[PDB]
Amino acid sequence: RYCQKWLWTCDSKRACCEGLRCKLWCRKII
């Protein structure tokens, strides 16, 4: 049970879970 490589460069097209609230690397569990 893990997220979806939140580490992506969150911005819009991203597909994070609960860490897309950032500029690039999803600021999730890290």
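- The deposited coordinates for this entry were obtained by solution NMR.

Observations regarding the state of the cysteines
Then step 1. Within the structure shown, the criterion is met by 3 disulfides.
Then step 2. Note on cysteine connectivity: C3 is disulfide-linked to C17, with sulfurs 1.9 Å apart.
Then step 3. Taking relative accessible area as the criterion, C17 reaches 33% and is therefore assigned partly exposed.
Then step 4. For the chain, the bonded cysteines connect in the pattern 1-4, 2-5, 3-6 when numbered consecutively along the sequence.

Regarding unusual backbone geometry
Then step 1. Here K5, not a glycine, exhibits a phi torsion of approximately 35 degrees, which is positive.
Then step 2. Accessibility expressed as a relative area gives 58% for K5, which makes it exposed.
Then step 3. Positive phi is not limited to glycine here, since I30 has a value of about 70 degrees.

Definitions and limits used
- Residues numbered from 1 in each chain as written, not as in the entry; some residues may be left out.
- Heavy atoms only, no water.
- Residues with missing side-chain atoms left out of burial classes, pairs and counts.
- Disulfide = S-S within 2.5 Å.
- Buried < 20%, exposed > 50% of the residue type's maximum accessible area, 1.4 Å probe, protein only.

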